[PDB]
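Trainee: In the authors' numbering, the protein residues as written are 341 to 455.
All C-beta atoms in this analysis are idealised placements derived from N, C-alpha and C, irrespective of residue type, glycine included.
Have a look at this one before I ask anything.
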Ligand SMILES: O=c1[nH]c2ccccc2c2ccccc12
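The following block contains the structure:
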């Protein structure tokens, strides 16, 4: 249901995406920049456990390709990326700590959505 505010909300989404990729958050965002290379990392069970991989470069391509029709669709992909991390790893793994920090950035700015 294309709403008049969808373009404006999508711009806010794109701003969040840019911030997540910025040097400000690089110390904890970097694992999420590119698709997990499970074979390279020796995680030979990754794709048996994670059926729907997601990462910030894929979100960016989807935004650039106008794949996301609304803010909700974008938000579901960013949250899928984090949930994949919380599903695969023990909760005390360093990468989970980084995911929680990056998700806090995401959620608090996503909540400042103009509407
Ligand atoms: O969920 C992840 N688990 C891992 C476990 C061990 C090494 C690396 C990663 C990793 C790297 C980049 C993004 C996500 C992950």
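Helix, strand or coil: how does DSSP classify residue 384 here?
Mentor: Taking the chain shown and counting its residues from 1, one reaches residue 384 at position 44. Residue 384: coil per DSSP, three-state reduction.
Trainee: Going by C-alpha to C-alpha distance, which of 453, 430, 451, 414 sits closest to residue 395?
Mentor: Reading the chain shown from its first residue, position 55 is the one you call residue 395. The candidate whose alpha carbon is nearest that of residue 395 is 414.
Trainee: Would you say residue 487 touches ligand 1, meaning its beta carbon is less than 7 Å from a heavy atom?
Mentor: Since the displayed the chain opens at 341 and closes at 455, residue 487 lies outside it and no answer follows.
Trainee: With a threshold of 7 Å, establish whether the CB of residue 346 neighbours any heavy atom of ligand 1.
Mentor: The residue labelled residue 346 in the question sits at position 6 within the chain shown. False, no ligand heavy atom lies under 7 Å from that Cβ.
Trainee: On the three-state DSSP scale, how would you describe residue 342?
Mentor: The residue given as residue 342 occupies position 2 in the chain shown. In the structure shown, residue 342 sits in coil (DSSP, three-state: anything other than H, G, I, E or B).
Trainee: With a threshold of 16 other CB atoms inside 10 Å of the CB of residue 426, please say whether the residue is buried or exposed.
Mentor: For the purposes of this step, residue 426 is identified with residue 86 of the chain shown, where counting begins at 1. Residue 426 is exposed by the Cβ-count criterion.
Trainee: Please determine whether the Cβ atom of residue 422 lies at a distance below 7 Å from any heavy atom of ligand 1.
Mentor: As a position in the chain shown, residue 422 is number 82, starting the count at 1. Not under cutoff, so the answer is no.
Trainee: Output the residue ranges of the alpha helix (DSSP H) runs that lie fully inside the region 368-438 and measure 4 residues or longer, sorted by chain position.
Mentor: Qualifying alpha helix (DSSP H) stretches, in chain order: 378-381, 386-389, 396-404, 411-428.
Trainee: For my contact list, residue 346 and residue 410 are in at a C-beta cut-off of 8 Å; report their separation, rounded to the angstrom.
Mentor: By 1-based counting over the chain shown, the position of residue 346 is 6. By 1-based counting over the chain shown, the position of residue 410 is 70. Confirmed, about 5 Å.
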